[PDB]
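Here is the structure we will look at, set down as structure tokens.
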Amino acid sequence: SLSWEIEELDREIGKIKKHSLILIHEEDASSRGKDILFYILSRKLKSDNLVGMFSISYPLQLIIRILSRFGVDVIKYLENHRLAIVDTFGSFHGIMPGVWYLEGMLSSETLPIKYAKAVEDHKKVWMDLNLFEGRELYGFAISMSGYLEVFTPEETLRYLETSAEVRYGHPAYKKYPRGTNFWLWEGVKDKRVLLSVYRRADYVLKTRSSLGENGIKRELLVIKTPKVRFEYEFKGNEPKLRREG
């Protein structure tokens, strides 16, 4: 099993079952659940693991800036083959070693196989260099809610299923080590699509804010596990959690 990189989570709900899919549902922006996920990502990178990012929602230059806040120099991890990025945002919006761009028509129908090919290509590099040895592989999709900017809800629901179908049989997932994956979902946006991603995830953590008379209270709710509520705040970039009664 694998650490959450947050001691309170390891203690209260246990470590992550290897190969799980984890959904971080940031219900509102003020909760900063996204920052909890970036913290986890930064810790997996700093601990010399392999990380693949599907950078869906934000310009690459913004991802680089965000990660710099966490003491991660993205270019160094890219050039040293620790980090692979599929720049989905740049691919959709028409705008570096280790950064893959998706070419051609990007539809709810074509995207799954195009991702699988990119993933296979990253994993072939890692395998050739023997970089899986003694390392864990993690994936991060930031953020799966971004698809609603380019696909209809109906298209997104079909896309999620076709993706699962491709992953069932493709060499990228059957002929190489598999990863442990984190999906971020920002906001609500479409309840049906959110229902599908909740169902597909092995773990679901939901973050949300409460306006108090004396300030904002941020909460993390453990909605789903394979087998709990926390209040949190930040010390610099480090999330500090307290299990609630």
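Just remember, in the structure tokens the first chain shown is A, the second B, etc., residues are 1-based per chain, and ligands are 1-based in the order shown.
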What's the 10 Å shell around stretch 41-52 of chain A, counting only C-alpha atoms, without same-chain residues fewer than 5 positions away, as a VMD selection string? chain A and resid 3 to 6 35 to 36 67 to 74 77 to 78 81 to 86 98 119 122 to 123 126 131 to 141 179 to 182
Selection near residue A:225, 7 Å with only C-alpha atoms, sequence-local residues under 6 positions removed, as a list in words: residues 202, 203 and 204 of chain A
For residue A:30, which residue out of A:218, A:224, A:229, A:206 is the nearest one, using only C-alpha atoms?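 Closest to residue A:30, using only C-alpha atoms: A:218.
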Select, from A:178, A:32, A:25, A:15, the residue with the minimum atom-to-atom distance to residue A:221, counting only C-alpha atoms.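 Nearest candidate to residue A:221 out of A:178, A:32, A:25, A:15: A:25.
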Would you compute the distance between atom CA of residue A:171 and atom CA of residue A:117? Give it in Å to one decimal.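 Computed distance, atom CA of residue A:171 to atom CA of residue A:117, equals 8.9 Å.
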Judged by only C-alpha atoms, the minimum distance to residue A:156 among A:130, A:107, A:143, A:55 is found for A:107
Any idea what's packed within 10 Å of residue A:26, counting only C-alpha atoms, ignoring anything in its chain fewer than 3 positions away? Could you give it as a short mmCIF file (atom, residue, chain, number, x, y, z; two decimals) with N, CA and C atoms, in the first residue's frame?
data_model
loop_
_atom_site.label_atom_id
_atom_site.label_comp_id
_atom_site.auth_asym_id
_atom_site.auth_seq_id
_atom_site.Cartn_x
_atom_site.Cartn_y
_atom_site.Cartn_z
N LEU A 23 -10.47 9.79 -6.61
CA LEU A 23 -11.08 11.05 -7.03
C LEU A 23 -10.98 12.06 -5.91
N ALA A 29 -14.25 26.24 -4.97
CA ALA A 29 -12.90 26.70 -5.15
C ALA A 29 -12.24 27.17 -3.87
N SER A 30 -13.02 27.75 -2.96
CA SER A 30 -12.46 28.28 -1.71
C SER A 30 -11.88 27.17 -0.85
N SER A 31 -12.33 25.93 -1.06
CA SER A 31 -11.82 24.83 -0.21
C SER A 31 -10.34 24.53 -0.45
N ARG A 32 -9.82 24.92 -1.61
CA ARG A 32 -8.44 24.65 -1.98
C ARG A 32 -8.09 23.15 -2.00
N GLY A 33 -9.09 22.29 -2.25
CA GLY A 33 -8.81 20.86 -2.43
C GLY A 33 -7.80 20.60 -3.53
N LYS A 34 -7.79 21.46 -4.54
CA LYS A 34 -6.82 21.35 -5.62
C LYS A 34 -5.39 21.46 -5.08
N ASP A 35 -5.20 22.35 -4.10
CA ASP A 35 -3.88 22.51 -3.49
C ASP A 35 -3.45 21.28 -2.69
N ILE A 36 -4.42 20.54 -2.14
CA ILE A 36 -4.09 19.28 -1.45
C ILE A 36 -3.54 18.30 -2.48
N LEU A 37 -4.19 18.23 -3.65
CA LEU A 37 -3.72 17.33 -4.69
C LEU A 37 -2.35 17.73 -5.22
N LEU A 184 -8.72 14.87 -10.45
CA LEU A 184 -9.28 16.04 -9.79
C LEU A 184 -10.58 16.42 -10.48
N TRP A 185 -11.62 16.77 -9.71
CA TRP A 185 -12.83 17.32 -10.32
C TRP A 185 -13.16 18.62 -9.59
N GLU A 186 -13.21 19.73 -10.34
CA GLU A 186 -13.43 21.06 -9.75
C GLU A 186 -14.87 21.48 -9.94
N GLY A 187 -15.58 21.66 -8.83
CA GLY A 187 -16.97 22.15 -8.87
C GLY A 187 -17.98 21.04 -9.00
N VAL A 188 -19.17 21.37 -9.50
CA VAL A 188 -20.19 20.35 -9.71
C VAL A 188 -20.33 20.18 -11.20
N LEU A 205 -12.64 11.46 -2.16
CA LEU A 205 -12.50 12.48 -1.11
C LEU A 205 -13.10 13.77 -1.64
N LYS A 206 -13.98 14.38 -0.86
CA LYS A 206 -14.65 15.62 -1.29
C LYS A 206 -14.21 16.74 -0.36
N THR A 207 -13.77 17.85 -0.94
CA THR A 207 -13.43 19.02 -0.11
C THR A 207 -14.48 20.10 -0.30
N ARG A 208 -14.72 20.86 0.77
CA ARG A 208 -15.72 21.91 0.72
C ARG A 208 -15.46 22.92 1.82
N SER A 209 -16.02 24.12 1.64
CA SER A 209 -15.85 25.23 2.57
C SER A 209 -17.16 25.52 3.28
N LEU A 220 -12.61 18.06 4.62
CA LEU A 220 -12.42 16.95 3.69
C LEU A 220 -13.26 15.78 4.15
#
Return the single residue from A:201, A:22, A:222, A:142 that is closest to residue A:63, with distances computed using only C-alpha atoms.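 Once distances to residue A:63 are computed over only C-alpha atoms, the minimum belongs to A:142.
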Would you please give, as an mmCIF file with C-alpha atoms, in the first residue's frame, all residues of stretch 33-221 of chain A that DSSP assigns to alpha helix (DSSP H) based on the backbone?
data_model
loop_
_atom_site.group_PDB
_atom_site.id
_atom_site.type_symbol
_atom_site.label_atom_id
_atom_site.label_comp_id
_atom_site.auth_asym_id
_atom_site.auth_seq_id
_atom_site.Cartn_x
_atom_site.Cartn_y
_atom_site.Cartn_z
ATOM 1 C CA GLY A 33 -8.811 20.865 -2.427
ATOM 2 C CA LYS A 34 -6.816 21.353 -5.623
ATOM 3 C CA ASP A 35 -3.880 22.510 -3.488
ATOM 4 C CA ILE A 36 -4.088 19.285 -1.446
ATOM 5 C CA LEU A 37 -3.724 17.331 -4.694
ATOM 6 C CA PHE A 38 -0.782 19.471 -5.867
ATOM 7 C CA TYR A 39 0.828 18.851 -2.492
ATOM 8 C CA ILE A 40 0.472 15.080 -2.922
ATOM 9 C CA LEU A 41 1.839 15.326 -6.480
ATOM 10 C CA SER A 42 4.839 17.368 -5.311
ATOM 11 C CA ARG A 43 5.589 14.752 -2.617
ATOM 12 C CA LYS A 44 5.456 11.822 -5.055
ATOM 13 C CA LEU A 45 7.851 13.668 -7.380
ATOM 14 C CA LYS A 46 10.227 14.669 -4.564
ATOM 15 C CA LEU A 60 1.446 24.350 -19.139
ATOM 16 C CA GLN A 61 3.131 27.581 -18.036
ATOM 17 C CA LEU A 62 0.595 27.836 -15.224
ATOM 18 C CA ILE A 63 1.238 24.219 -14.112
ATOM 19 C CA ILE A 64 4.939 25.063 -14.044
ATOM 20 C CA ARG A 65 4.315 28.135 -11.894
ATOM 21 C CA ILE A 66 2.016 26.250 -9.538
ATOM 22 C CA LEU A 67 4.506 23.448 -9.045
ATOM 23 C CA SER A 68 7.376 25.925 -8.469
ATOM 24 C CA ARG A 69 5.439 27.104 -5.389
ATOM 25 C CA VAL A 74 9.099 20.872 -13.717
ATOM 26 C CA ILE A 75 11.806 21.140 -16.439
ATOM 27 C CA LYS A 76 14.313 19.202 -14.298
ATOM 28 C CA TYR A 77 11.881 16.351 -13.655
ATOM 29 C CA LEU A 78 10.963 16.306 -17.337
ATOM 30 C CA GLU A 79 14.562 16.257 -18.547
ATOM 31 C CA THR A 88 -4.134 18.145 -23.375
ATOM 32 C CA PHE A 89 -4.858 21.831 -22.766
ATOM 33 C CA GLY A 90 -2.278 22.956 -25.337
ATOM 34 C CA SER A 91 -3.512 20.271 -27.731
ATOM 35 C CA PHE A 92 -7.104 21.514 -27.591
ATOM 36 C CA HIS A 93 -6.172 25.184 -27.602
ATOM 37 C CA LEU A 111 -9.150 10.841 -27.546
ATOM 38 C CA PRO A 112 -8.985 7.495 -25.631
ATOM 39 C CA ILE A 113 -6.783 5.741 -28.231
ATOM 40 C CA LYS A 114 -4.647 8.871 -28.639
ATOM 41 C CA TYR A 115 -4.016 8.904 -24.875
ATOM 42 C CA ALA A 116 -3.226 5.186 -24.890
ATOM 43 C CA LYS A 117 -0.590 5.686 -27.567
ATOM 44 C CA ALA A 118 1.032 8.569 -25.617
ATOM 45 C CA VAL A 119 0.986 6.552 -22.429
ATOM 46 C CA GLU A 120 2.529 3.525 -24.180
ATOM 47 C CA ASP A 121 5.252 5.778 -25.572
ATOM 48 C CA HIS A 122 6.100 7.209 -22.094
ATOM 49 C CA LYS A 123 6.114 3.774 -20.559
ATOM 50 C CA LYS A 124 8.409 2.415 -23.302
ATOM 51 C CA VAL A 125 10.940 5.123 -22.395
ATOM 52 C CA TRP A 126 10.661 4.318 -18.678
ATOM 53 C CA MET A 127 11.011 0.599 -19.355
ATOM 54 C CA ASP A 128 13.991 1.043 -21.723
ATOM 55 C CA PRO A 153 -22.189 15.840 -20.880
ATOM 56 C CA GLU A 154 -23.455 13.024 -23.126
ATOM 57 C CA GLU A 155 -20.129 12.960 -25.010
ATOM 58 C CA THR A 156 -18.188 13.004 -21.731
ATOM 59 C CA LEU A 157 -20.186 10.073 -20.377
ATOM 60 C CA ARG A 158 -19.473 8.062 -23.546
ATOM 61 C CA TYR A 159 -15.836 9.162 -23.424
ATOM 62 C CA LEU A 160 -15.446 7.835 -19.867
ATOM 63 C CA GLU A 161 -16.780 4.461 -20.958
ATOM 64 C CA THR A 162 -14.743 4.236 -24.182
ATOM 65 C CA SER A 163 -11.651 5.143 -22.129
ATOM 66 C CA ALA A 164 -12.357 2.241 -19.794
ATOM 67 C CA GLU A 165 -12.829 -0.039 -22.822
ATOM 68 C CA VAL A 166 -9.482 1.000 -24.334
ATOM 69 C CA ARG A 167 -7.674 0.529 -20.998
ATOM 70 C CA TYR A 168 -9.072 -3.000 -20.648
ATOM 71 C CA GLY A 169 -7.086 -4.290 -23.647
ATOM 72 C CA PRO A 171 -0.679 -2.676 -24.449
ATOM 73 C CA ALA A 172 -0.099 0.564 -22.507
ATOM 74 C CA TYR A 173 -1.938 -1.055 -19.590
ATOM 75 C CA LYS A 174 -1.397 -4.753 -20.183
ATOM 76 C CA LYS A 191 -24.313 15.784 -11.794
ATOM 77 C CA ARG A 192 -24.577 12.868 -14.237
ATOM 78 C CA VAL A 193 -20.923 13.031 -15.205
ATOM 79 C CA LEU A 194 -19.962 13.420 -11.555
ATOM 80 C CA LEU A 195 -22.023 10.299 -10.792
ATOM 81 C CA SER A 196 -19.987 8.318 -13.340
ATOM 82 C CA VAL A 197 -16.618 9.451 -12.013
ATOM 83 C CA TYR A 198 -17.658 8.733 -8.417
ATOM 84 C CA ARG A 199 -18.682 5.223 -9.467
ATOM 85 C CA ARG A 200 -15.435 4.589 -11.346
#
Quick one: of A:175, A:11, A:170, A:189, who's nearest to residue A:149, counting only C-alpha atoms?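 The answer is A:189, which sits nearest to residue A:149.
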When you draw a straight line from atom CA of residue A:102 to atom CA of residue A:145, how long is it in Å?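 Separation between atom CA of residue A:102 and atom CA of residue A:145: 18.8 Å.
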